[PDB]
C-alpha cells in the first residue's frame, strides 16, 4: 500500500507525533499510570482523538501546537478535494458533494455546533462537530471559548460565528447552532430557526466576501430534525437567498450517506 505511494516515512513520523501528543495530554490530566501505547496508526489516532475531545479549553503550548499542526496538516491534505475540480448540479453556483468535509478546499465549511460552542466533548463520537474540531485542531475550541467568554453567554440558535479552519484545507469554519427537535411534527418556530441557521451562515460568508461555503446537514443526527424536511429547508433557503441577493457565492451541500445524497438531488430538481 504505502511503499508504492512512498508513504512509509510519513506514517512512522505521524505515529511518533501522536505518541507525543497523547503523552502530553495524559500528563496534563495527571494520568501518570503507564499505558500500553498501541503500535498501529489507527489505535493511536482513536486514543489521541478521545483525549482531544474531552480536554477543557485550557491554554496550550506553542510546542504542542507545532507537533499537532504538523500531524493534522499532513493527515488532512493527503486526499484533498478541490471545489475547482467539481461541477455545479444547479445553475453555476450550487453543488452536491459526497465526501469528508474536513478534506474539502473551500473558503468556508459550516459546523453544526452546540450552544456551549466548544465542540463535541464525547470521546470518539461520530458527529460533525467532533470531526471538524478534531481535524482542525485544538485552536478552534480555544477560539470558540474566547467568543463565548467575550459575549458572556452561551450561543443562541440560528446564528453564525466564524473562526479560522487551521489544519483543515478550508480557510474558515462558520459555526451555527441548529434547533433541537423533541416532538413531532416540527413546529413552525423550529422550521423558521433552521432556515435562520442557513441564512445567518450565507449572510456572514457574503459579509466577509468569501467565494464559497459548504454546508453539512444541520440539525440531523442527535438534534434529530427529520431528514427530508431538513433537506427541503436547506435547499429552499439557499436558493431563495441566492436569487434575492444575486450573491456570487458558490454553495456546496456536503453529504455522506446515499440517502442524503438522493434527498438533495431530488430537492434541487423540484420547482
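Numbering follows the first chain given and starts at 1.
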> Which of the two stretches, 236-244 or 49-57, shows the higher mean Cα temperature factor in the record?
Replying inline: 236-244
>> Using only C-alpha atoms and the B-factors in the entry, which stretch averages higher, 253-261 or 9-17?
In response: 253-261
>> Just to confirm, going by the entry's C-alpha B-factors, which of 211, 68, 39, 207 comes out highest?
In response: 39
> Hey, out of 122, 111, 180, 167, whose CA B-factor is highest in the deposited coordinates?
Replying inline: 180
> Where does residue 150 sit by CA temperature factor within its chain: lowest, middle or highest third?
Replying inline: highest
> Thinking about Cα B factors across the chain, which third does residue 98 belong to?
Replying inline: highest
> According to the PDB entry, is the CA B factor of residue 127 in the bottom, middle or top third of its chain, that is, lowest, middle or highest?
Replying inline: lowest
> Would the CA B-factor of residue 215 place it in the lowest, middle or highest third of its chain?
Replying inline: middle
> Looking at the C-alpha B-factor of residue 142, is it in the lowest, middle or highest third of its chain?
Replying inline: lowest
